[PDB]
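Inspection log for the structure reproduced underneath, given as structure tokens.
When we count neighbours, we look across all protein chains shown, and the Cβ atoms used for this are built from the backbone with ideal geometry, even at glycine. All of the numbers you see were taken from the coordinates with simple rules; none came from a lab.
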Amino acid sequence: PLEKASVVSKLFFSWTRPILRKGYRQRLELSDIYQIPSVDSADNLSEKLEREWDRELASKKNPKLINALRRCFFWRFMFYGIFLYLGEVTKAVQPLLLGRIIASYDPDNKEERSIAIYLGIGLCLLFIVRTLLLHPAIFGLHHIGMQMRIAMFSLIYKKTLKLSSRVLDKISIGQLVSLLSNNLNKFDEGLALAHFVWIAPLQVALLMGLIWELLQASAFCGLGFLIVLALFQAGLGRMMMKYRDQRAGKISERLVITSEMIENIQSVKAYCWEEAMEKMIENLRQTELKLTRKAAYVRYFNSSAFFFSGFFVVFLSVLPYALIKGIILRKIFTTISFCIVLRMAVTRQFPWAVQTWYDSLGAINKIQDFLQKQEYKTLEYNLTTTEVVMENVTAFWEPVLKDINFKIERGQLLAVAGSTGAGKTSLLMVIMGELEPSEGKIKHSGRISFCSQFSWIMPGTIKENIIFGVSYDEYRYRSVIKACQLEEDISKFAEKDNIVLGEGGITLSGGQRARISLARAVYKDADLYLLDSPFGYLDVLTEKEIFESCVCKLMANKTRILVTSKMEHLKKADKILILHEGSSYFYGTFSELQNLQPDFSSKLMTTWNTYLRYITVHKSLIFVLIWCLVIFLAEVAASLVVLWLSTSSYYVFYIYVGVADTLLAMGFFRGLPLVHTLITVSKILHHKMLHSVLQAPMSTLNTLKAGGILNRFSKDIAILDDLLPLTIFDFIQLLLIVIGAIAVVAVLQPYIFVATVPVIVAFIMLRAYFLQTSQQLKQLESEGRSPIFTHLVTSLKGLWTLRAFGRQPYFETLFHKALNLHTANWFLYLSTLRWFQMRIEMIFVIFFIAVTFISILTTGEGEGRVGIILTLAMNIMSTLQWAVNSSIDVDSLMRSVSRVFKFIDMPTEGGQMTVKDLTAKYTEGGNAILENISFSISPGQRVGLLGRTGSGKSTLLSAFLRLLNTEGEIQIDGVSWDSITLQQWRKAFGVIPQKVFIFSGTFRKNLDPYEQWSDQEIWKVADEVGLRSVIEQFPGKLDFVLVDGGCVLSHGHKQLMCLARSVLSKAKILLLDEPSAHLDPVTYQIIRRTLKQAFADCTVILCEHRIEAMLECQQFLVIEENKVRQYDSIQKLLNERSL
């Protein structure tokens, strides 16, 4: 339903209370969330910018996108804007009324509590009015952010459909999906921070006047310090990027090893490289960590400077007043409350305004450059005659097809043939009109329909693909479905044919996708049917039956053009045109072809424990936090000791304890290694994680897909290493200052201690009440990201089919639904977040009112006791917001620690041979593929592995090395199964599989990861096995770096490399999996003619599909359902199974 509101509910955000009550109670659902307001809709947001950009494009010479984008949303932006300026100034007006409250308790006059309280109530109201001013004003800017963001993704979606192919030639597919993904986060939220460019100048200009001169340049010298501190932060900020930019080289060099690791785990297990590839990675870490620390240390200086500045910035400006003996107690307090506001504006707030403008404007320019590109103008086909006329049509891809001419009457078929990859598609691109001709004359009319070589199947049911635009006609649908022959495939889905397919179509067969492609092509009515290799992925017999029938049935008098290489159809066709690399043989008929080309014609015929588990896996981290706490307890006591009690020291000593930002704060001497410990924790976690990924069951591992493993191992631990250590220091620093400040206030005035307890419990109660929804809602934001990307990917695949049919309104209308689902979900996040930020200040203001009331009303004897509490209590809130704000970010990051602990917590496991009672399974208690198998192999025999072809030779090959669930008992010439552990057991075997493992390094390292083989014998073995030459045709000797995953080396070389690796291991038994299939006769001879003397007195097991391919194999093994038997020779086997 469409939501509504009242003046109160709109201000306070009441509608959150239902959804928080719902979310805290029951688990939420995507359908449960209510609809968007009628203003926020892609149909609205596109149309408004379309007309603005249209009139903008036609008027000026150089049309600005920023101008058109602003001109639509300029006014309400300012309307929301002014409310921020109205609040931001009142922060600076605030501490005047402080001065009067301090000025009340001085021995001058008999002025009553009235004079305090009548101001104090106004000062208390000033917070309530500012709370009501700001929180709507910030929400409006976020709300405009949606109008800015949603319209742009919808607008560029028009352009991406209407590109030229000349642009599509340039592979900017990653560059586009990168261009989209980055934009949303930076552009939407940051529109609030962009408004402070003109606020801060007026803020500092007002704050200049508030700082009274006192015969000196007090404000200018005070600011002049802090601008150099800002320049120092900018300077540290500059070199911070260099460490990222430099370290970005190593992380990629590390990632490539882990990517190759996760793909080929079975090889690493087979060869048993546990100690080899831990040190290899950890050496790549050991350097990177040392750089990573320096990136953190500068950030620590950057952060700590902000907390330390507060003392220096005031103290440097105050002492100049003493130059003409300026001494006063009241005026030194109010300057703190003036200066911290100045610091907030210039140091932290204003640089974000400079950052976000520069960051946003460049992004607005980036898409504007992409928007103005060459577009595909859809040509007309409304001319008379309805005959496809061409004259001298020729072009370039980047004369590609010269001498092109044919004239088809309505009825006749055109047969196209030639060499593959010689413009055979490119002709149909010119006939469609996507790729324009460089010269010639094209004149074809009538409606066009296209059938692609690539299988195009969109997300959804097969029904939507078959119908696709045109209305339902059942009697024609019966002939179409009968023609294309899907009813058999439908009847398999006995209930109904509404299987929800996605991108590509992994479930249905490559033929069935082509049948759907043909069905979609032949369903629609059109005057020209372009068939670009429909019958590609289909078996000849079933292909011929459909092909020969449909050609007769469909073509009653329909104009068709087919790109093919099937002779019978060429003979049955009306006219033929055979091409040869942009040079035609002839024009006409097969009858002419038999005369003109006789040779060619004749040739074809959050968990609370994870905090404890994270914090208690490192000793030094326990000591440093205790050392932080003991000093925190030590200093906060010293404050009480001081506050228990020329005179330029005594009266000026108040400021240091008064500015809690410097007093209650850590630094270089006693809070530096807190980060250092956190950096070591990630290294310790990584070390164990990587070790726990290896040493695990293959059944448990292989069930988890690789993309999840690689991504969680690469992306998350980097965030855990980089971002997580700062937010902890921020959280601790911001906690300590608040808990320290609230204590020392409560020590002096004891009745505040009663007022704290309802406030402290409310924070913990309300935050825990708030989180339950937020995380659950943000879960739907992450999931609801994918529908847009998955739709935008698929739409790019079937571009020509979309253009040819002309179904762009359908895709555009469907695309809006993907936006609306995301906006409906995302918009609710700001509304809940606003309510939390609304209430959190209302929890504070009642505490502040209570502290102010009780302090003013009760009998305060001293003059400082009034000022200190008021000065601390006034300026604290800014930190209190950051403290509660940070914990949510810390908790959200710390959510991803558990998933690493899931990876840590997973479990850890003569040439004669005799197998007995072997039973193996894929998953634990799964399908028994091998069942009670028992057989023997004699010592020093070449064995032929045979059985049920297609049942699976790899599954049996996995059972030897033990890469699945296994049961039974196997021995190698009386050697036991249980005795040698599964790591050391594999030392006996030697596999030469289809895949071969390739390091990103040296041939010295490839042959010997343990580095315990001498070069003499490596070279002597390399001579025997036959690597001598190819090793010697490279730079160095064995030191050549194998870049790009072994591009230079062919298969045969990888076979020799894998062979040499085995020969150096003195393996007894060897397993050969398809040598002759991938390799070529010369390589097969080159391998086999050295392999036999290399393993003359060794056991060999060859597996082949061809029976004659294992003629040399002496022993034979037959495999079958519940039986395995050892045959002595060909005469035993060949006659028994066959005859």
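Cβ separations smaller than 6 Å between residues 6+ apart or across chains give the following pairs from the range 60-73 residues that are β-branched (V, I, T) to residues that are surrounded by 12 or more Cβ atoms within 10 Å (Cβ to Cβ): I66/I364. When each of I33, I19 is tested for being out of contact with any strand residue (DSSP E or B) (no Cβ under 7 Å at 6 or more places or on another chain), of a type outside the set (D, E) and part of a loop (DSSP other than H, G, I, E, B), the lone residue that passes is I33.
Taking helices (runs of 4 or more DSSP H) that do not extend beyond the range 583-648, which have at least 1 residues that are surrounded by 12 or more Cβ atoms within 10 Å (Cβ to Cβ) and among the basic types (K, R)? Output list reads 608-615. Kindly indicate whether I66 is over 27 Å from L133 (Cβ atoms) and either of a type in the set (A, V, I, L, M) or assigned to a loop (DSSP other than H, G, I, E, B) (or both). Taking the combined requirement at face value, the residue satisfies it.
Mind checking which residues of the range 38-60 are part of a loop (DSSP other than H, G, I, E, B) and loosely packed, with under 12 Cβ neighbours inside 10 Å? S38, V39, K60 - these are the residues of the range 38-60 that are part of a loop (DSSP other than H, G, I, E, B) and loosely packed, with under 12 Cβ neighbours inside 10 Å.
Inside the range 738-769, can you point out the residues that are of a type outside the set (A, V, I, L, M, F, W, C), more than 22 Å from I888 (Cα to Cα) and buried (at least 16 other Cβ atoms within 10 Å of the Cβ)? Before you say what the answer is, go through the steps one by one.
Initially, the range 738-769 is screened for residues of a type outside the set (A, V, I, L, M, F, W, C), giving 740, 749-751, 756, 758, 767, 769.
Right, trim to more than 22 Å from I888 (Cα to Cα) and you get 749-751, 756.
Within the range 738-769, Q749, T756 meet the criteria.
Just checking: which of the helices (runs of 4 or more DSSP H) contained wholly in the range 941-1052 hold 1 or more residues that are within 38 Å of the chain's Cα centre (by Cα)? By residue number, 953-961, 982-985, 1003-1007. Condition check for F999 on (1) under 30 Å from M913 (Cα atoms); (2) surrounded by 17 or more Cβ atoms within 10 Å (Cβ to Cβ); (3) of a type in the set (F, W, Y): one failure, at (1). Inspect all residues belonging to the range 413-420 and state whether any of them is surrounded by fewer than 20 Cβ atoms within 10 Å (Cβ to Cβ) and touching a helix residue (DSSP H, G or I) at 6+ places or on another chain (Cβ under 7 Å). No, that holds for no residue. Going through (1) buried (at least 16 other Cβ atoms within 10 Å of the Cβ); (2) within 29 Å of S154 (Cα to Cα) one by one, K4 falls short only on (1). When each of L819, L828, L872 is tested for being more than 33 Å from the chain's Cα centre (by Cα) and either closer than 30 Å to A151 by Cα or assigned to a helix (DSSP H, G or I) (or both), the lone residue that passes is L872. Applying the condition of being in contact with a helix residue (DSSP H, G or I) (Cβ under 7 Å, 6 or more places away or on another chain) and surrounded by 15 or more Cβ atoms within 10 Å (Cβ to Cβ) to the range 923-943 and asking which residue is nearest to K1092 (Cα to Cα) yields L930. Residues in the range 1096-1125 that are over 49 Å from the mean Cα position of the chain (by Cα), closer than 23 Å to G1026 by Cβ and part of a loop (DSSP other than H, G, I, E, B): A1096, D1097, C1098, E1112, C1113.
Does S892 satisfy the criteria of being small (G, A, S), over 21 Å from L964 (Cα atoms), surrounded by 15 or more Cβ atoms within 10 Å (Cβ to Cβ) and out of contact with any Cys (no Cβ under 9 Å at 6 or more places or on another chain)? Outline the logic, then answer.
Numbers: small (G, A, S): yes; over 21 Å from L964 (Cα atoms): yes; surrounded by 15 or more Cβ atoms within 10 Å (Cβ to Cβ): yes; out of contact with any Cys (no Cβ under 9 Å at 6 or more places or on another chain): yes.
Taking the combined requirement at face value, the residue satisfies it.
Here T955, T966, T949 are screened, and the one residue that is closer than 30 Å to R1137 by Cβ and surrounded by fewer than 14 Cβ atoms within 10 Å (Cβ to Cβ) is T949. Among the numbered conditions (1) of a type outside the set (V, I, T); (2) within 30 Å of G860 (Cβ to Cβ); (3) in a helix (DSSP H, G or I), the only one that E111 does not meet is (3). Kindly evaluate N302 against the criterion of being in contact with a strand residue (DSSP E or B) (Cβ under 7 Å, 6 or more places away or on another chain) and of a type in the set (S, T, N, Q). When the stated conditions are applied, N302 does not pass them.
With respect to (1) in a strand (DSSP E or B); (2) farther than 26 Å from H569 by Cβ, the lone exception for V389 is condition (2).
Is the range 114-137 home to any residue that is buried (at least 16 other Cβ atoms within 10 Å of the Cβ), in a helix (DSSP H, G or I) and among the hydroxyl-bearing types (S, T, Y)? Yes; the residues of the range 114-137 include at least one that is buried (at least 16 other Cβ atoms within 10 Å of the Cβ), in a helix (DSSP H, G or I) and among the hydroxyl-bearing types (S, T, Y). Using beta carbons and a limit of 8 Å, which pairs, at least six apart or on different chains, have the first residue in the range 463-477 and more than 17 Å from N498 (Cα to Cα) and the second one part of a loop (DSSP other than H, G, I, E, B)? Listed pairs, sorted by first residue: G469/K524; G469/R807; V470/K524; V470/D525.
Quick check: is even one residue across the range 310-331 among the hydroxyl-bearing types (S, T, Y) and closer than 29 Å to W212 by Cα?
Initial filter on the range 310-331 (among the hydroxyl-bearing types (S, T, Y)): 317, 321.
Next cut, closer than 29 Å to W212 by Cα only: 317, 321.
Yes, the range 310-331 contains a residue that is among the hydroxyl-bearing types (S, T, Y) and closer than 29 Å to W212 by Cα.
The criterion of at least 3 residues that are crowded, with 16+ Cβ neighbours inside 10 Å is met by the following helices (runs of 4 or more DSSP H) wholly inside the range 143-250: 173-188, 199-210.
Matching residues to (1) touching a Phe, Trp or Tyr at 6+ places or on another chain (Cβ under 7 Å); (2) buried (at least 18 other Cβ atoms within 10 Å of the Cβ); (3) not acidic (D, E):
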site	(1), (2), (3)
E260	no, no, no
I265	no, yes, yes
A270	no, yes, yes
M277	no, yes, yes
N283	no, no, yes
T287	no, no, yes
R293	no, no, yes
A296	no, yes, yes
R299	no, yes, yes
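For the structure I just gave you, tell me whether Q695 is farther than 19 Å from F301 by Cα and not aromatic (F, W, Y). Can you show your working first?
Working: farther than 19 Å from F301 by Cα: yes; not aromatic (F, W, Y): yes.
Spelling it out, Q695 is indeed farther than 19 Å from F301 by Cα and not aromatic (F, W, Y).
Of everything listed in (1) closer than 22 Å to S309 by Cα; (2) buried (at least 16 other Cβ atoms within 10 Å of the Cβ); (3) not hydroxyl-bearing (S, T, Y), the single unmet condition for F668 is (2). Kindly indicate whether any position in the range 80-97 is assigned to a helix (DSSP H, G or I), of a type in the set (D, E, K, R), over 36 Å from the mean Cα position of the chain (by Cα) and farther than 30 Å from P809 by Cα. Yes. Only one of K571, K544, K496, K482 is touching a helix residue (DSSP H, G or I) at 6+ places or on another chain (Cβ under 6 Å) and either in a helix (DSSP H, G or I) or farther than 29 Å from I404 by Cα (or both); which? After applying the criteria, what remains is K571.
Hey, can you tell me all the residues within the range 528-541 that are among the hydrophobic types (A, V, I, L, M, F, W, C), in contact with a helix residue (DSSP H, G or I) (Cβ under 6 Å, 6 or more places away or on another chain) and more than 17 Å from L413 (Cα to Cα)?
Of the residues in the range 528-541, the ones among the hydrophobic types (A, V, I, L, M, F, W, C) are 528, 530-531, 535, 538, 540-541.
Checking which are in contact with a helix residue (DSSP H, G or I) (Cβ under 6 Å, 6 or more places away or on another chain) leaves us with 530, 535, 538.
If the condition is that a residue be among the hydrophobic types (A, V, I, L, M, F, W, C), in contact with a helix residue (DSSP H, G or I) (Cβ under 6 Å, 6 or more places away or on another chain) and more than 17 Å from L413 (Cα to Cα), then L538 is the only one that fits.
Restricting the range 257-278 to residues that are part of a loop (DSSP other than H, G, I, E, B) and within 15 Å of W985 (Cα to Cα), which is farthest from the chain's Cα centre (by Cα)? Working first, answer last.
The initial filter retains those residues of the range 257-278 that are part of a loop (DSSP other than H, G, I, E, B), namely 264, 272-275.
The next check asks that each one be within 15 Å of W985 (Cα to Cα); those that pass are 272-274.
Details: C272: 33, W273: 31, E274: 30 Å.
Across the range 257-278, the extreme among qualifying residues is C272.
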